[PDB]
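One chain comes next, on its own, written out as structure tokens in the form deposited in one PDB entry.
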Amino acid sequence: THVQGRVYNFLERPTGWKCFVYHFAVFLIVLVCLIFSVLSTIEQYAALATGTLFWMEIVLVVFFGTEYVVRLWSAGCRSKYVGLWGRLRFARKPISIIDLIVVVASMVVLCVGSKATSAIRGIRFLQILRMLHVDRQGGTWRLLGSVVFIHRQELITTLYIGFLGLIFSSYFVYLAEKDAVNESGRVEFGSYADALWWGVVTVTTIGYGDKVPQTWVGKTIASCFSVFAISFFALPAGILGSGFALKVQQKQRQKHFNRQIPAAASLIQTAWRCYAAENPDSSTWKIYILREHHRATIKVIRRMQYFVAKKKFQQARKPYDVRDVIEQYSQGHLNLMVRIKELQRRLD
């Protein structure tokens, strides 16, 4: 059981030079796969090629089917998925669907597609789908989704405006140039849709050069609109950039936390004790040493302390704040003035 745990850890959250390198190695092998498969259309070597290629494809799909299943059974350490139904639920994860489809597709298409047009049109699909697994870690994907969800408003707005102005400037241009004829004899801006394409090609700094306005009015609008809205278009890149760099910075601060430990122990023991309360015969009474009314009030105080620890723990995870400082200082000061009245009074 220990070995499966090590193996699953090795596959899922591996570190050290050999492990990452192992994956790198399998990436070199799939490279050789592509080299030979594309060399198969070169006739000087199509003899060697036809031998090593039909082989190679099956070698891959077999090996991958194996590593997959190895992974799935060794994945029993996670309590969610330990056990049979556990693996079934485990399969519920996305990347499970991913490698599942990759291997089964390769399976069916190399079992029947061997002896056939859409078969090869699918075999390229497979060479594509197989490389998906190279990252394999899932925690930070959430980070991305987070930042996006936070800034959804701006992005939405910017996109709206830019796309819009595209639309408009396109209209004016189309009306401006729908009469000119290219020097090569044709008319560039046939319909509004042409100009629209041209626009979007422009506004994003691509500049194909297939469609260019002729009359100074056109060049004018192009210039103004481009120079203006282009910056709006490139904003989400800048935004997200700064977003990540910021959030990263804060996380890098969060690394330091320790207060989580005792808060955790507390919260735990509180909640367990609370549950244990529901048994009037439990041992928690040994604290107090018949109890006609003390029961209910006890439940109260216990729940109270529980809530305290709960919230406080949530705080035991969040960075310190001028809030905390202000609060605790004011409090300590208060307690202090209290003690002053205590000794003033004592002197009374």
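Position 1 is the first residue in the sequence shown; the rest follow in order. For the two forms, the rigid core is made up of the largest set of C-alpha atoms that agree within 1.5 Å on superposition.
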At least a third of the other entries leave residue 288 unmodelled: yes
Unmodelled deposited residues flanked by residue 289 on one side and residue 290 on the other: 10 or more
Absent coordinates between residue 115 and residue 116 - deposited residues affected, binned into four classes: 4 to 9
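One more form of this protein, deposited in another entry, exists but is not displayed; see below.
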Which one of 124, 78, 251, 152, by Cα shift of 2 Å or more between this form and the one not shown, core superposed: 251
Exceeds or equals 2 Å, Cα of residue 208 between this form and the one not shown, core fit: no
Residue 66 C-alpha moves between this form and the one not shown by 2 Å or more, core aligned: no
Displaced residue check between this form and the one not shown: residue 181, CA, 2 Å or over, core reference: no
